[PDB]
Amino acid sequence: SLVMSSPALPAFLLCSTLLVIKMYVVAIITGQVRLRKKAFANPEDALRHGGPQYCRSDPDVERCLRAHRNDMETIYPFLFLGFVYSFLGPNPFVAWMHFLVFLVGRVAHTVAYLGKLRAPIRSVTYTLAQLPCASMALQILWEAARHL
């Protein structure tokens, strides 16, 4: 299979796809919270679910949206960087570690965010996960620059 175009690719695809699914889980949770708290973003939604007064903001809904937004700010760049990095012939174990640190850091981030864990737990998980991203970004820069 084309999944074996590089030794690091399967690990990357496993971690990335799990993270995409993790984002879908955040979307599902957001919808559930909207229904439970009766806090809808649109009048058409509110009118179907009890009346116009339910078109309103809710702190738990806003928190879910923040977690999802932070995912978009971090996981989407990883999908790009990790894919490219997989083809630069990195040491297989080193590549694994980059992907695993990102996966664990990001899952922990969502748990810390939605679970309202004390500071600086969420911030630490964010920083931890950004480290392999910074590392991959620099490696790609060098490889790209040297092939110009």
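Position 1 is the first residue in the sequence shown; the rest follow in order.
Chemist: Check the entry's C-alpha temperature factors for 77 to 85 and 43 to 51, then say which stretch has the higher mean.
Modeler: Higher mean C-alpha B-factor in the PDB entry: 43 to 51.
Chemist: Which has higher Cα B-factors on average according to the PDB entry: 113 to 121 or 86 to 94?
Modeler: The entry gives the higher C-alpha B-factor average to 86 to 94.
Chemist: From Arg106, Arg69, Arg63, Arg36, can you pick the one with the highest C-alpha B factor in the entry?
Modeler: In this record, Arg36 carries the highest C-alpha B-factor of the candidates.
Chemist: Would the CA B-factor of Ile21 place it in the lowest, middle or highest third of its chain?
Modeler: Its C-alpha B-factor, which the entry lists for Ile21, ranks in the lowest third among residues of this chain.
Chemist: Thinking about Cα B factors across the chain, which third does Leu100 belong to?
Modeler: Highest third of the chain for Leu100's C-alpha B-factor.
Chemist: Lowest, middle or highest third: where is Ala11 by Cα B-factor in its chain?
Modeler: For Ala11, the deposited C-alpha B-factor lands in the middle third.
Chemist: Is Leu128 in the lowest, middle or highest third of its chain when residues are ranked by C-alpha B-factor?
Modeler: Within its chain, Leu128 is a highest-third residue by C-alpha B-factor, going by the deposited values.
Chemist: Is the Cα B-factor recorded for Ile140 in the lowest, middle or highest third of its chain?
Modeler: According to the entry, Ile140 has a C-alpha B-factor in the chain's middle third.
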